[PDB]
Amino acid sequence: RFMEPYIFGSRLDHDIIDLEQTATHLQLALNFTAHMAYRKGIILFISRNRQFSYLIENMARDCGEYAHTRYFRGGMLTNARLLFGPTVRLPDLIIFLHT
RNA sequence: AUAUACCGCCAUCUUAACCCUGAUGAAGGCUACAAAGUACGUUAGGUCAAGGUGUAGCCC
Ligand SMILES: [Mg+2]
């Protein structure tokens, strides 16, 4: 339901995403990502689509950022201190290619 | 004579934290082609034959 305002219409029972809204949303998201990278924030890409795990890991390694395409264990973010150490720094921005 | 004196030795019997979910209820938390989970006494016991310490008996 919450995706309805972003849908241009249905073409033979297939939803079509309004690309005019996608352009503005992508502009805002890319501006935010660029500003965060300028401030040397830790950027973590996340995606459980196994068809693109290799590509996303390669991209994250290429841009000097971090990736998590594997099984997400309980408490990686909400219990990070116990799972990594008391002085671990969490990501400043998380990018979901697949939500 | 006494282990029905003790030991020695045999045998009997009794005997942590953290993180999520449920509207922050009792409560719950797993799937790998992965979906919240990680950190001693007891006995009128035997044995003084390969071991000891005492205790009492008798002494016309
Ligand atoms: Mg006896």
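In what follows, chains carry the letters A, B, and so on, assigned in the order in which the sequence lines appear, proteins first and then strands, with residues in each chain numbered from 1.
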For this session: Applying side-chain hydrogen bond (donor to acceptor under 3.5 Å, both in side chains), name anything that partners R61(A), two or more places apart in sequence or on another chain.
Result: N58(A)
Seminar exercise, completed: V88(A) and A80(A) have their tightest heavy-atom pair at CG1-O, 3.7 Å
Problem set entry | Base-pairing assignment for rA1(B) (Watson-Crick or G-U wobble, both under 3.5 Å) | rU55(B)
Exercise. Would you say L90(A) has more than 12 foreign heavy atoms packed within less than 6.0 Å of its CG?
Worked result: yes
Collect all protein-nucleotide pairs involving nucleotides 29-35 of chain B in which both atoms are nitrogen or oxygen and the distance is under 3.5 Å.
| from | atom 1 | to | atom 2 | distance (Å) |
| --- | --- | --- | --- | --- |
| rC33(B) | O4' | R50(A) | NH1 | 3.4 |
| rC33(B) | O4' | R50(A) | NH2 | 3.4 |
| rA34(B) | OP1 | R48(A) | NH2 | 2.9 |
| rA35(B) | OP2 | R48(A) | NE | 3.4 |
| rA35(B) | OP2 | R48(A) | NH2 | 2.8 |

Exercise. When you measure from every atom of RNA chain B, which of residues 79-88 of chain A have a heavy atom less than 4.0 Å away?
Worked result: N79(A), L82(A), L83(A)
Exercise. Ring centres of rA50(B) and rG51(B) closer than 5.5 Å, with planes less than 30° apart?
Worked result: no
For this session: Would you list the pairs meeting side chain to side chain donor-acceptor pair (under 3.5 Å) in which at least one residue belongs to residues 77-99 of chain A, sequence neighbours left out?
Result: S47(A)-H98(A), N49(A)-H98(A), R89(A)-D92(A)
For this session: Using a 90° cut-off around 0 for syn, call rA39(B) syn or anti.
Result: syn
Exercise. Checking side-chain contact (heavy atoms from CB on, under 4.5 Å) for the pair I95(A)/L44(A): CA distance, chi angles, key distance, verdict?
Worked result: CA-CA 6 Å; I95(A) 301 168; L44(A) 177 67; over 6 Å; no
Seminar exercise, completed: For residues 7-43 of chain A, the ring pair (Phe, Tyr, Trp, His ring centres under 6.0 Å) pairs (sequence neighbours left out) are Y6(A)-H25(A)
Seminar exercise, completed: Per the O4'-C1'-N9-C4 / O4'-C1'-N1-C2 angle with a 90° window around 0, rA17(B) comes out anti
Exercise. For the adjacent nucleotides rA27(B) and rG28(B), are both criteria met: ring-centre separation under 5.5 Å and interplanar angle under 30°?
Worked result: yes
Seminar exercise, completed: So, going by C1'-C2'-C3'-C4' where positive is north and negative is south, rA11(B) is north
Exercise. Watson-Crick or G-U wobble, both distances under 3.5 angstrom: are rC13(B) and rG41(B) paired?
Worked result: yes
Exercise. Using the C1'-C2'-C3'-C4' sign, is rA23(B) on the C3'-endo (north) or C2'-endo (south) side?
Worked result: south
Seminar exercise, completed: d(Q21(A) CD, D18(A) CG) to nearest 0.5 Å is 5.0 Å
For this session: With the thresholds 5.5 Å for ring-centre distance and 30 degrees for plane angle, say whether the bases of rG25(B) and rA26(B) stack.
Result: yes
For this session: Decide between north and south for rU24(B), the convention being positive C1'-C2'-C3'-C4' for north and negative for south.
Result: south
For this session: Please identify each residue that fulfils side-chain hydrogen bond (donor to acceptor under 3.5 Å, both in side chains) with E57(A), with sequence neighbours left out.
Result: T69(A), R70(A)
For this session: Decide if a Watson-Crick or G-U wobble pair links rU21(B) and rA27(B), counting it only when both distances are under 3.5 Å.
Result: yes
Problem set entry | Pairwise side-chain contact, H68(A) with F45(A), heavy-atom cut-off 4.5 Å (strictly under) | no
